[PDB]
Amino acid sequence: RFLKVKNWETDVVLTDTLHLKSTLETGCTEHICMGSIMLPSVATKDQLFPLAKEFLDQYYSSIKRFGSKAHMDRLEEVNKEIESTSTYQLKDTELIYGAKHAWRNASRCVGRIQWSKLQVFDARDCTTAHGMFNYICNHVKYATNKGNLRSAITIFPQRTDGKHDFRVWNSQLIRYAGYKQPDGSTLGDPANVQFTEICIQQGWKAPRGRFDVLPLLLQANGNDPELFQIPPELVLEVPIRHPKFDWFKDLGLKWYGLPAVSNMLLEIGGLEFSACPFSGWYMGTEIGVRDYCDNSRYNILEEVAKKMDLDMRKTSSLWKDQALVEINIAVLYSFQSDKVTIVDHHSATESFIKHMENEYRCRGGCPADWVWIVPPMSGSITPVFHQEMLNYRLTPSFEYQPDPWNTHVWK
Ligand code: HEM
Ligand SMILES: Cc1cc(N)nc(-c2cc(CNCCF)cc(F)c2F)c1
Ligand SMILES: C[C@H](O)[C@H](O)[C@H]1CNc2nc(N)[nH]c(=O)c2N1
Ligand SMILES: [Zn+2]
């Protein structure tokens with residue numbers, strides 16, 4: 001019941017008891033495991049007080065005043081507001097706690113060692129898409145911090161009826177555009193081609209190039225979303241060069257500094273925040289391996305292989321592997337030489353093991369998704385490969401939600 005997880009590099013073992021506080025479900029049964037399924041599987045007032053109660057109890061436990069007069073009255077108070085409004089409102093304190101802990105509990109995040117250093121921007125007074133643009137802009141500018149990136153989150157008004165949702169329709173605040181071609185192939189980011197057509201559908205005038213920064217599509221209080229372009233001076237980009245291969249610049253690649261997921265759902269005390277964009281800094285691989293070398297993304301192994309002169313006739317020459325290592329030395333070097341915050345897959349996976357050590361110490365566990373924690377290259381020469389990890393769902397939590405253009409009632 002109180003399980004053991006081992007590291008097969010270090011022979012270290014840690015006992016996980018935190019999984020007893022697990023509430024949600026995984027998709028695995030006693031007879032099947034789904035830990036490589038990517039995305040497995042209104043809210044009334046009866047269900048809402050249990051969730052509020054459990055959240056308020058761990059928050060008051062947290063500040064070392066478990067069950068004091070404050071906790072008692074704040075429970076009675078929240079119950080009364082759930083009778084009255086069939087919902088309730090978080091204190092600013094409770095919002096910042098819930099947000100930091102949704103991160104803390106994000107089992108697919110390797111960077112969680114920083115979970116307590118998180119800047120929460122309360123945008124629950126927002127009422128318009130224009131006010132969303134403004135709140136998002138100061139988030140970008142603050143978290144970019146002249147390349148010295150800072151972790152942040154901007155939390156928009158919580159969901160109420162369900163047809164009055166605040167949604168950023170973008171999947172990340174800053175992404176490059178996707179255009180297919182007359183000949184069928186694709187310029188820019190093939191991941192984004194449907195979205196880019198939607199922005200163009202709403203009148204975005206496309207500069208039909210490669211690294212075209214998409215505009216924000218912002219829906220406020222359930223209304224039809226509206227286009228706003230982040231001022232370019234606020235979008236920091238890093239030009240990729242190599243420390244050795246001076247033909248690297250001719251490749252003409254570049255990436256934005258700021259990873260900022262905008263399409264997910266934040267859950268606190270059973271209250272649901274449909275718009276909650278959050279940013280940190282990049283681990284090198286997401287750019288070098290996934291963005292640049294996914295077959296369905298930028299797909300540059302083709303060219304980098306050529307300009308090195310590699311044996312591309314044979315699959316077993318590992319020309320793909322060699323060209324992948326060079327690409328990731330260049331992303332890191334480019335980011336580091338401009339003092340833009342970035343972490344390399346060795347330094348970040350080592351911190352996660354350290355973070356894991358602390359979590360099992362002062363919390364009794366650490367949800368973790370091995371399928372996602374292992375970097376997408378050099379797997380077993382990173383220590384997380386060798387670390388058994390228990391996955392389970394704690395709350396407060398970040399959750400996936402459907403793309404808004406499949407649900408939205410539109411006119
Ligand atoms: C501080 C620097 C951070 C680093 C280095 C980092 C690193 C990463 C990486 C490499 C991934 C895998 C992304 C992918 O493959 O799609 C990831 C996922 C994730 N990150 Fe972190 N992150 C950071 C900050 C944050 C913050 C501030 C939050 C939220 C408050 C967060 C929440 C998440 C969540 C919920 C996931 C999994 C959900 C998903 O991407 O599908 N991270 N992170
Ligand atoms: C806060 C944060 C830190 C970091 N290092 N990466 C990301 C990050 C996450 C995603 C999407 N994750 C769901 C994929 F469907 C995409 C990106 F392009 C990212 F950059 C986010
Ligand atoms: C099939 C599998 O679930 C899918 O490729 C996952 C594997 N692990 C991943 N890990 C990270 N960090 N990011 C991803 O997109 C994925 N994709
Ligand atoms: Zn499983």
Side-chain angles (χ1 to χ4, degrees), residues 1-24 26 28 33 35-36 55 57-59 61-64 66 96-120 149-153 259 261 278-286 289 328 332 341-398:
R1 193 68 271 253
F2 326 101
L3 308 148
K4 307 296 176 60
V5 312
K6 179 167 170 175
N7 183 310
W8 298 89
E9 205 198 319
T10 77
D11 276 283
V12 159
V13 188
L14 286 177
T15 313
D16 195 294
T17 14
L18 188 67
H19 71 269
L20 307 172
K21 298 296 262 286
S22 176
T23 162
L24 307 157
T26 58
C28 308
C33 164
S36 76
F55 168 79
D57 276 271
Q58 59 188 253
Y59 165 61
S61 195
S62 132
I63 56 191
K64 314 241 148 89
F66 191 165
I96 296 172
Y97 172 98
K100 286 174 176 189
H101 279 264
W103 185 4
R104 191 179 193 177
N105 299 335
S107 57
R108 299 184 161 171
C109 176
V110 64
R112 284 182 278 168
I113 198 209
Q114 294 254 355
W115 73 271
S116 77
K117 257 238 173 193
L118 175 72
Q119 178 59 30
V120 181
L149 281 25
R150 295 181 289 190
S151 317
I153 180 170
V261 157
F278 58 81
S279 75
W281 45 83
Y282 266 113
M283 184 174 64
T285 73
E286 301 171 70
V289 189
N328 280 280
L332 301 189
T341 305
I342 194 169
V343 73
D344 77 68
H345 47 269
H346 308 282
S347 187
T349 53
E350 197 218 324
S351 84
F352 184 71
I353 297 260
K354 246 246 169 176
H355 172 62
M356 216 168 169
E357 292 179 13
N358 298 326
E359 288 284 270
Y360 282 81
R361 176 191 58 90
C362 68
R363 198 192 197 194
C366 180
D369 183 340
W370 195 103
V371 167
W372 279 63
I373 295 278
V374 179
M377 78 182 279
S378 302
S380 55
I381 69 174
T382 71
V384 297
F385 179 102
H386 302 297
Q387 179 70 58
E388 300 177 353
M389 298 164 184
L390 287 176
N391 201 21
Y392 47 86
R393 303 291 280 203
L394 303 178
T395 191
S397 76
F398 289 101

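Counting from 1, the numbers follow the sequence of the chain as shown.
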- Item | Candidate pair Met356 and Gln387, rule side chain to side chain contact (heavy atoms under 4.5 Å, CB included), full reasoning | CA-CA 10 Å; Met356 216 168 169; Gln387 179 70 58; 3.9 Å; yes

- Can you name the nearest heavy-atom pair linking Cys28 to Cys33, along with the distance? SG-CA, 3.6 Å

- Message: Could you tell me if the side chain of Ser151 sits less than 4.5 Å from the side chain of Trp281, heavy atoms only?
- Response: yes

- Item | Min side-chain heavy-atom separation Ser351-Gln114 under 4.5 Å | no

- Could you check if a side-chain atom of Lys100 sits within less than 4.5 angstrom of a side-chain atom of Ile153, using non-hydrogen atoms only? no

- What distance separates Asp344 CG from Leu332 CG, expressed to the nearest 0.5 Å? 6.0 Å

- Message: Tell me whether the count of non-hydrogen atoms from other residues, nucleotides or ligands lying under 6.0 Å of CD in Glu350 goes above 12.
- Response: no

- Message: side chain to side chain contact (heavy atoms under 4.5 Å, CB included) for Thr341 and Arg150? Distances and angles first, verdict last.
- Response: CA-CA 9 Å; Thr341 305; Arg150 295 181 289 190; over 6 Å; no

- Message: side chain to side chain contact (heavy atoms under 4.5 Å, CB included), that's the test. Do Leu18 and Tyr392 meet it? Break it down for me.
- Response: CA-CA 9 Å; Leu18 188 67; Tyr392 47 86; 3.6 Å; yes

- Locate the shortest heavy-atom distance separating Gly365 from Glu359; write the atom from each residue and the value. O-CB, 3.1 Å

- Enter the distance from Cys366:SG to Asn105:CG here, rounded to the nearest 0.5 Å. 9.0 Å

- Judged by atom type as modelled, is there a donor-acceptor pair below 3.5 Å linking the side chain of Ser107 to the main-chain atoms of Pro367? no

- Query: In Å, rounded to the nearest 0.5 Å, how long is the span from OG1 of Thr17 to OH of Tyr360?
  - Reply: 9.5 Å

- Message: Parallel, tilted or perpendicular, judged at 30° and 60°: which one describes the rings of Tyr97 and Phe55?
- Response: perpendicular

- Note on the structure: Smallest heavy-atom separation, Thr285 atom then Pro375 atom, equals CG2-CB, 4.5 Å

- Query: Judged by atom type as modelled, is there a donor-acceptor pair below 3.5 Å linking the side chain of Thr349 to the main-chain atoms of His345?
  - Reply: yes

- Tell me, do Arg393 and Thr23 make a side-chain contact under 4.5 Å, heavy atoms counted? no

- Sub-3.5 Å donor-acceptor pair from the side chain of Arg112 to the main-chain atoms of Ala106, do we have one? yes

- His19 side-chain N/O to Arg1 backbone N/O, donor-acceptor pair under 3.5 Å: yes

- Test salt bridge (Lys or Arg N to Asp or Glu O under 4.0 Å) applied to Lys6 - qualifying residues, sequence neighbours left out: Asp11

- Is there a side-chain contact between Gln58 and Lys21 (heavy atoms, below 4.5 Å)? no

- Task: Give every residue pair that meets the side chain to side chain donor-acceptor pair (under 3.5 Å) criterion with at least one member in residues 368-377, sequence neighbours excluded.
- Result: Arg108-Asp369

- Query: Closest approach of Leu394 and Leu24, non-hydrogen atoms and distance?
  - Reply: O-CD1, 4.4 Å

- Message: Please report the interatomic distance CD1(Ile353) to CD1(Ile113), rounded to the nearest 0.5 Å.
- Response: 11.5 Å

- Note on the structure: So CE of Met283 and OG of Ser347: to nearest 0.5 Å the spacing works out to 11.0 Å

- Return the orientation label for the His355 and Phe352 ring planes: parallel under 30°, perpendicular over 60°, tilted otherwise. tilted

- Task: Not counting sequence neighbours, which residues clear side-chain contact (heavy atoms from CB on, under 4.5 Å) with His386? List them please.
- Result: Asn7, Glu9, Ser380

- Between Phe278 and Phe398, is any pair of side-chain heavy atoms under 4.5 Å apart? yes

